[PDB]
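Undergrad: This is the structure, below, for whatever I ask next.
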Protein chains: 2
Amino acid sequence: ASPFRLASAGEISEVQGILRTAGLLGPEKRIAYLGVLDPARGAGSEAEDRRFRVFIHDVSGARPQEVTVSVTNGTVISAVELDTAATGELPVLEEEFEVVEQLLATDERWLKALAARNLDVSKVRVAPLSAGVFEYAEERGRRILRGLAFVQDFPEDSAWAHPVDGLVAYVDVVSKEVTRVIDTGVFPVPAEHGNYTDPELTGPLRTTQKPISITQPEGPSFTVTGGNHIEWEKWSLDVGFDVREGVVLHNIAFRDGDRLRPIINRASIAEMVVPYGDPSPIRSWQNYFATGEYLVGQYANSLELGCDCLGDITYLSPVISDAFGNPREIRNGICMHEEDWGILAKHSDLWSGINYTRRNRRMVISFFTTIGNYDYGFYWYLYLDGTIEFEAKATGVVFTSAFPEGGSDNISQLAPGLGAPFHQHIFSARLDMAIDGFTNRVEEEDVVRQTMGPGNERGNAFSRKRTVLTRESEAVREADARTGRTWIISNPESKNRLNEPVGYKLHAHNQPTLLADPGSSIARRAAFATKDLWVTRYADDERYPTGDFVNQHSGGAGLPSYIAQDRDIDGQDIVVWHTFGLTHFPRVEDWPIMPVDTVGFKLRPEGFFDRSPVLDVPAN
Amino acid sequence: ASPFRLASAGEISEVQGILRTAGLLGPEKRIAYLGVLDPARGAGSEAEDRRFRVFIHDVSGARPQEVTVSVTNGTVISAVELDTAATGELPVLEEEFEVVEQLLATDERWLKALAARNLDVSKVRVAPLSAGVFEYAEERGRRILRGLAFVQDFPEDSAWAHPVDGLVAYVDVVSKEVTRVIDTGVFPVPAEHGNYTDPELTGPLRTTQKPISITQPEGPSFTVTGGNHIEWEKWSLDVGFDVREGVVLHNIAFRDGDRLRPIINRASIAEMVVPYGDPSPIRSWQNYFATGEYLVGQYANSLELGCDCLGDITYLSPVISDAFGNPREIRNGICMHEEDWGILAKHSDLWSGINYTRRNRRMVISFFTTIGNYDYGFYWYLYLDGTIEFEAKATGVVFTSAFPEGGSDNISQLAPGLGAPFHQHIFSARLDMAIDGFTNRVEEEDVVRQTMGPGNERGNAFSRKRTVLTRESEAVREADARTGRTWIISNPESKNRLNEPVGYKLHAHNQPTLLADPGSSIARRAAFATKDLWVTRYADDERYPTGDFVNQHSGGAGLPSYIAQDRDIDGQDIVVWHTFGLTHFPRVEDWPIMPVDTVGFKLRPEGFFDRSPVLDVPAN
Ligand SMILES: [Cu+2]
Ligand SMILES: [Cu+2]
């Protein structure tokens, strides 16, 4: 009965039926996106009306549509025709992936380019890459995908070890036409294989690792009810899943005394982009929006016990729609478990003679997705002390290219003749705040150094300052590690026993943001990535920092346009959008399969509680 | 019979005997420091002469001495008379802590100050704080300690909850006289107790935490030989212990196939300082060097199984000297264990159909120390992929004061009338580098943004630049989180299969450095804390970033003096000194006992290996 329950197979089938009945889902139609709509602010209808939103693609080219339906009433609430040439193309369909290689396989220009390289077409894999928006006039109003080739010597061969540089093709996946085939010259195809499961490369397997047994005799400390409602060590929340954003956390709250205190209404990674910094014409257009263009949730992996999730794990198997509206379950796509997290608090007192030690723990909610060569792990952590944290784990195989003989300033060499273009992995966390309720405000906190003089004769004093962001136009902030800059989200109407507004402090990793030139296509399409922190007034239709349609869409929507409304955010229903990412200069150690690298952020209570909230943790 | 073996109780007793028979250990003498000397560069001399370094304090005031003895030959190698007024005072003795409170208890000025506040002198605890160096001319030449009072209502009461503000005294612990008692006014002593084990504060203990069993049925994957030589998953190292620095890692090396490749010769936290930023004259002089002035190693805690260290733990029990030269063992003062560390590498390939997942592990070597109200955990981690990491965990009870009526810009309120002065916890990691040998160099790597134009028409390109630090005069570097600055330690004479110098990249947390005014005493005495990274040419006598006798030294000793030599560091035996710390604006949540906060750094292989070094890890 929870209005925050996961989408069921039945609801998805019902959406399919409603669309069919409305004459909106004929045989030429495809569901590019389907997701449940969150309830509007303030308990509207007496009961909860379950609604879903869908992006309908048309394989014949007719205009696509955005439709919202009520599975409860079996009706179409609204259907609008989409002008893709203006608002953007629909997310890429998995069924379009193979279309690129297949079409090029019969194109004389492509075959000629391969022959010139002595490559057998039957062994050439082509990666279906999003196209973005550049200077190609013919692409206006065309659903395009670009292809980069990789040689696969045999069925189980890792094609990434064999990039075919100097070649790229543009394909219209709807009209089934190869618009362009660019060949800037023949580069040697890196010879070494990158098969990390081949003993020839792994050598004899280590026999030195002893087993580590992690078990919970009496079961986990958390409970799961209503299918996705979690309660663990004072925490309370609902675990949602969206085909686009993946795991989404709802109603994060903390039990303080006799009341459930809200902290975050909705938390998610609203976008993740991978911009490449190689100026070569073959890849200078490369910018992969995993979330917005491909929909990361769609590719969530089924997690194996013992391998992906170790210990006493509780799985959730979310359901998504396939391209035809049929429900598809992602078996064990979300795993949840608690784990020991070292020392929480400790003190040995020289005067009282009392020695005290308490261990910490954290609740883990995660999923792992795979998009082509990359694999990303998304982890949300809840700690005993009230800290909330997110961590992204990037691994998989690096996207490759040829390494020029004369060397490069935008590519690193991973093996003889094998290159790895520089790139970034930039995420955007959308945090719909609710610190003790919806009346919130954000304060930028900087360390303040003081000059030696009257009032500070020894020159030891240092302080800090807090600046309230009152309007959206002044809520676009940059990190400043040098001054220990953080952002506090507080509730001006809710004070702790010391008469201070309760709050939570956001700690960023302060990694470099988007490096692209500000006048580049990517700087516009990924504007959110140019600044560390954005604050907007909550609005039902402001969901992603890049807008609803990112594929082949120019700038104009997303965060920059939202902030333009310059709404009041001083003690209002606000949303924090935090940009964070990794700048990757591939190492030889990253080849042939890369070890995990991490990035993220966390929010710690700041005067939210009246004292430590973990004084009731048992000794043993 | 390793030259890096832990000191035995016998060796300490032997040092004591040598000193006594030499007439250097009379009744008035005290061992202020005692530690074994590392082998000098070049072990080409069979049988290493075991030598110990000793700082001998004279409670009579007669000049103290620095003595080097050979326990192998039973002789005094050298004994130098120390002029403390010039080179600094000796480290504070634990037995001196007590003298401050006892001396003040008989001083009329102190008693009057307490009487006015209606405090029973028998209930007043006095924290023995180091002095420092300021405008007090009568202190030069005198061994001083300052005292700050706290009320302890009963034997098991936490005195930190009851600071006595507006009062501070200075005492000459040698002549045993109170030189000054400053009373700036009466402040209410905070009323609430901070007894975190008292049910009235903890409330009913949670009964919701289910047990987590962590075991290793076949034992740990690491071996310990020669008492302290560790070998784990290709790693090799020696775990040493010094009363001043605590746990020290020696000869960190990694088995790359046929050869044992060195990485770091010696790693340690050579200093840790806690500067306070409250301009009040009661505390504006407060700066305590846990390592240099108090010797954090001597206060290492005995770690209890199941509380401090969980899982299959292997303990080391280092032995230190007491103030009289008697050996004292710190039972289970060092914990060593391995632990699962999530996903190491993962990839599901769409073309090969191969799914691959491998788990990561880390070797943990740690200890926990207690200095008055603070407790610090020191952790060194070795990862499967070759990464080396250090992490400091700060907890304990915050140093308190009164919270002024009218508020404060340098103190936070944690309870009614109770304040917590702003301060920092700044560490210095001394890394004697040995990347594939001693011929090393350091390069500062910055991200480089590129402007849109010829050669970068789309404005997507970005690069990086490396600057070799060739002389010490140019090796005092600052962090720059915005340009993703890191430092690479490479060996220009050792190349990987791609003909590139092998190296390791240092990743800093980019936290704020010393905030105090550049003209302050603390900015001079802890100059190392003003910059993130220093590189010096290796030298036997350059051990600490603050010099050998930190206590009451005028400043400039250590790093500033070493760097002044302006030696060649481009492809030489070098040492990296990394400054990193936490800036603490205490939160209500930190009271009455604070949750652990962390800070650290790590080093990852950068073209050190010819490809991923963890391809030989099994599935398990
Ligand atoms: Cu990457
Ligand atoms: Cu602190």
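We number chain A the way Swiss-Prot does; in order, the residues shown are 9-628.
Per the header of the entry, the method used was X-ray crystallography, 1.9 Å.
Just so it is clear, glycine is given a Cβ too, placed from its N, Cα and C backbone atoms.
Sharing the record's features from Swiss-Prot:
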type: DISULFID; residues: A:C317-A:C343; note: disulfide bond
type: ACT_SITE; residues: A:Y382; note: active site, schiff-base intermediate with substrate
type: MOD_RES; residues: A:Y382; note: 2',4',5'-topaquinone
type: BINDING; residues: A:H431, A:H433, A:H592; note: Cu cation binding site
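Give me the lay of the land around each of these features.
TA: All protein chains included, A:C317 (disulfide bond) registers 22 other Cβ atoms within 10 Å of its own Cβ.
Neighbour density for A:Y382 (active site, schiff-base intermediate with substrate): within 10 A of its CB lie 19 other CB atoms from the protein chains shown.
In the three-state DSSP scheme, A:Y382 (active site, schiff-base intermediate with substrate) is classed as strand.
Using a 10 Å Cβ-Cβ cutoff, A:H592 (Cu cation binding site) registers 21 neighbours.
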Undergrad: Would you count the other CB atoms within 10 A of the CB of A:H431 (Cu cation binding site), including those on all shown protein chains?
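TA: Cβ-Cβ neighbours of A:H431 (Cu cation binding site) within 10 Å number 27.
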Undergrad: Within 8 Å of the Cβ centre of A:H431, A:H433, A:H592, which other residues of the chain have their Cβ, at the recorded Cu cation site?
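TA: Result: A:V282, A:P283, A:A402, A:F430, A:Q432, A:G589, A:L590, A:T591.
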Undergrad: Checking the recorded positions A:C317, A:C343, A:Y382, A:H592: which ones have Cβ within under 6 Å of ligand 1?
TA: A:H592
Undergrad: Between A:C343 (disulfide bond) and A:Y382 (active site, schiff-base intermediate with substrate), what is the CA-CA distance rounded to a whole number of Å?
TA: 20
Undergrad: Are there residues of the same chain, six or more positions away from A:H433 (Cu cation binding site), whose CB falls under 8 angstroms from its CB, and which are they?
TA: A:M280, A:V282, A:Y384, A:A400, A:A402, A:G589, A:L590, A:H592, A:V607
Undergrad: What is the interatomic distance between the Cα atoms of A:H431 (Cu cation binding site) and A:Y382 (active site, schiff-base intermediate with substrate), given in whole Å?
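TA: Distance (Cα to Cα, whole Å): 13 Å.
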Undergrad: Would you count the other C-beta atoms found within 10 angstroms of the C-beta of A:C343 (disulfide bond) for me?
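TA: Summing over all protein chains shown, A:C343 (disulfide bond) has 21 other Cβ atoms within 10 Å.
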